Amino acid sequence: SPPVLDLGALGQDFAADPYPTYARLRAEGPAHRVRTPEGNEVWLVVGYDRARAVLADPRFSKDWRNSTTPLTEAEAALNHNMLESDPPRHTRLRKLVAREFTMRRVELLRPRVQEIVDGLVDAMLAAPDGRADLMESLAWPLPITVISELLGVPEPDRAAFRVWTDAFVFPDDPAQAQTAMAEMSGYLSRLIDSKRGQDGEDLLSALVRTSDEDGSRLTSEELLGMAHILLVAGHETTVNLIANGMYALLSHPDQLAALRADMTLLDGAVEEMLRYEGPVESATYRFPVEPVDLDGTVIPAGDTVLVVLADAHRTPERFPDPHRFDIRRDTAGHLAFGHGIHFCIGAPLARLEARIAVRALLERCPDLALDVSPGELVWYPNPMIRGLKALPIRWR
């Protein structure tokens, strides 16, 4: 049970390029005890077949009642949400919003998502020197705007979320992440109270009435948990898809040129962005309900287990020539949105946002290029998140 590797000790080189580390683990076997840079001891599961199996394996629970790790008040306040639940709670909670997120319902959002991206790109192109940070200009504001509109988060409240997620992803120290959790929990409880009795038609207003009409269908703690998960999971990964995906495309001129020559390759290109540079480096916490033996390594009941999606996607038996970004590759079966009962409910909306943003950038910036050498980029060390601090670009 002591870790074999402290990922914090490896520093920024590991954050920027974690792949050799994970591949070395994979060659030793499927599961490994590590300490993360944040100080948590966890098991990593590596290798595509084992990763896909554990994601779908009901022996691995998502409910903190099966973890041996105790929670703070702030943590406990937010965890009654579907991603941190098992059936039957999972089943009930996801049913409450499944209809909002279907391919057909999401498709009705297209004109508004297009308007948002057109507006943000209009503002970017107005820059004096034909330079911007893609993160600040597009990748961050697009997804927070879309989820905020859907939920009903007023415009001046939205900037706080970048501060909070910065604190959850890359905390200066553990106290800072706890403070941000406490702040966010209080804000969401205020926002829920502010919708009650206001006859709003946004999704948070509907969820507040669902809870008030029957507390057995959605309890007040699950109402706060649902607001939390939809708002945070509903933008944070999309931001990094857009920036990671655009970094990949701009880093590979042959693929960029293939896309420009045939824009019907756009959906496959966004799938290979997910496969090659997806934002979820490792899935969210799983806890074995009983001891689980993975090819002779026994993970104790209750320990925290991270499924390393990033290493599954570089397993060459499953994705041949895995280090090549190839927008024409067969990407079907990637794990970037997970697999099994927790498979991302946001996938149609994430795809719609990322496809619209990538198309608008290529159409509106015919000479788009990176305005930064790779060595000036700064990546997050947390093995759960693959993402950049900034992505400077330039166009004609």
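From 1 onward, residues are counted along the sequence shown.
Mean C-alpha B-factor is higher over 124 to 132 than over the other stretch, the pair under comparison being 205 to 213 and 124 to 132. The PDB entry records a higher mean C-alpha B factor for 65 to 73 than for its counterpart among 50 to 58 and 65 to 73. Sorting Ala301, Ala312, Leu266, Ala227 by the CA temperature factor given in the entry leaves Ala301 at the top.
Reading the B-factor column for the CA atoms of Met82, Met184, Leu96, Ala243 in the entry, the top value corresponds to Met184. When the modelled residues of the chain are ordered by C-alpha B-factor, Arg351 sits in the lowest third.
The PDB entry assigns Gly39 a C-alpha temperature factor belonging to the highest third of its chain's modelled residues. Sorting the modelled residues of the chain by their CA temperature factor places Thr179 in the highest third.
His90 sits in the lowest third of its chain by CA B factor, as recorded in the PDB entry. When the modelled residues of the chain are ordered by C-alpha B-factor, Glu376 sits in the highest third.
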